[PDB]
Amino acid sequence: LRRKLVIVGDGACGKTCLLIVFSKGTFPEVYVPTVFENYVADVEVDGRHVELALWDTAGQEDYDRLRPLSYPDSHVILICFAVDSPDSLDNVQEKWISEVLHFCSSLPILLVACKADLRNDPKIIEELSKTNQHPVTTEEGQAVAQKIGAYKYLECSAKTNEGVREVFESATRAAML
């Protein structure tokens, strides 16, 4: 009953905080590690209990260089972007998919919109306005998930604790095959 998850995506898109809120239940306000230490989550699906190992990744000198070594013996990949950063969504299609297809190909991919709480925030809307950009819409997000062939598209906010459980329960359902 054991499975492995790897989470990847642009720096600062919210990967580590998402794992921490799911695992520990509280958003980390001051200290955030670069990568969440490996942890085994208990996830209940259809009455069954599976242990899900959470493998966080980064792009910081050596963490970037070592990241391909996380994919072996994986069962599900989370590709993340931040709703307040359309640039991080462009890299989902540009950089991250190319990596997963190079290293994994046959694993299910969940596409995860992180920081969903920033979607309607005026300060972000004004900043993105300057380049004629907007926070990512569910439409655009679901559209990129299809383009990259993902298993599911999900949105979440670590900060408000919205949608976090659904990400990991879904990812676990995909991992069980």
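Don't overthink the numbering: it's just position in the shown sequence, from 1.
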Fill in: 82-90 set against 68-76, stretch whose average Cα temperature factor tops the other in the entry
68-76
Practice prompt. Mind pulling up the entry and telling me whether 47-55 or 128-136 has the higher mean Cα temperature factor?
Written response: 128-136
Worksheet item: Between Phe36, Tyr63, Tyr151, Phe27, which one tops the list for C-alpha B-factor in the PDB entry?
Response: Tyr63
Discussion item. Using only modelled residues of the chain, where does the Cα B factor of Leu177 rank: lowest third, middle third or highest third?
Written reply: highest
Worksheet item: Which third, lowest, middle or highest, does the CA B-factor of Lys147 fall in along this chain?
Response: middle
